[PDB]
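To begin, one chain is listed below as structure tokens, in the form deposited in one PDB entry.
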């Protein structure tokens, strides 16, 4: 690459935390700068690190299963500010040809909003098929959390244990994502603003029994703990503070 073009090669940090008692979501960001007299302007980098707990629990006594259909994070900003959005690693890499269980996407990013949906793709349950987020079957319906086939105890006790399911459903998925935003250097004004609509697109798995064979049902987006926590970026001070 860099050698392929035969080029010689040549082309301040902090942290944050906050938690929601009702929805239970941990949120963080990290930044870094250089004082490069050769580079054009300042660059700030947003890491989405945190913990969107799955709250994989039987809220309702089939069982209604509050599970994370797709944790989604979007770093959205008001229009009036002069900022602009540049890079969004990870990108949707060319689907090259493996079916990962959480296929992260970079939802179609306009110049102002860029947001991933780290969705729940296939999960193998008790040595069987894919079972993606909207996994939905004629008989067994969705198939995220079917503890077993031939259960005998109380249905409330018959729900797939968090341990055996995908380790993200039980205890959430920490977002490992990032992106950056840009603007000319010699502009008088500086201010910006963020949205950071952290999402936990909840979904239901109802295993209802026919008297011949178990079934399943899914109530997609039955809730969404989209605890929108708008952030504050302090650019000139070379700090990020909520």
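In this text, rigid core is short for the largest set of C-alphas that superpose within 1.5 Å between two forms. Numbering follows the first chain given and starts at 1.
Below, we refer to the form deposited in another entry, which is not included among the displayed structures.
Undergrad: On a core-based superposition, does residue 78 travel 2 Å or more at its Cα between this form and the one not shown?
TA: Residue 78: C-alpha displaced by less than 2 Å between this form and the one not shown.
Undergrad: Does residue 228 show a Cα shift reaching 2 Å between this form and the one not shown after rigid-core superposition?
TA: It does shift by 2 Å or more.
Undergrad: Any CA movement of 2 Å or more for residue 117 between this form and the one not shown, core superposed?
TA: No, shifts by less than 2 Å.
Undergrad: Versus the form shown, are the CA atoms of residue 232 and residue 200 closer or farther apart in the other entry, given a shift of 3 angstroms or more?
TA: Compared with this form, residue 232 and residue 200 lie farther apart in the other entry.
Undergrad: Relative to what is shown, are the Cα atoms of residue 83 and residue 34 closer or farther apart in the other entry, where the gap shifts by 3 Å or more?
TA: Closer: residue 83 and residue 34 approach by 3 Å or more in the other entry.
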